[PDB]
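Have a look below at one chain only, the form deposited in one PDB entry, in structure tokens format.
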């Protein structure tokens, strides 16, 4: 998006101490951060005893605007009370929605399920 004339240069987030519990979080961060800009790719971990998510954007100017608007406060019904801040990494790396993370320019990711191919993989035996 980047539809604002002001500065911005940190395209990825810590998103800590959310209202949240599991990987629905990431698609919900997508659904509420889409209101600011072009959210990209997400992690979801229990940070030892806290909860956290970890998200990259397209546009650091929209991500500025969302840190502004969502680090400063929630949005409605006392129900969106995020801590949200820029990373030290500043280019987040997805793994798998197996236990950790998905990406939306990837398929869905998979979960590591992906099968053999009996032309080339099992082909020495195949059955």
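Positions refer to the first chain, counted from 1.
The discussion below concerns the form deposited with a partner chain bound, not included here.
In the deposited complex, residue 58 stays away from its partner chain, with no heavy atom inside 4.5 Å. Not displayed here, its partner chain is approached by residue 73 to within 4.5 Å at the level of heavy atoms in the deposited complex. Contact check for residue 82: a heavy atom falls within 4.5 Å of its partner chain in the deposited complex. Remark: residue 98 does not count among the residues lining its partner chain in the deposited complex, judged by a heavy atom distance of 4.5 Å or less. You can rule out all but one of 41-49, 26-34, 58-66, 89-97: in the deposited complex, only 26-34 has residues with a heavy atom within 4.5 Å of its partner chain.
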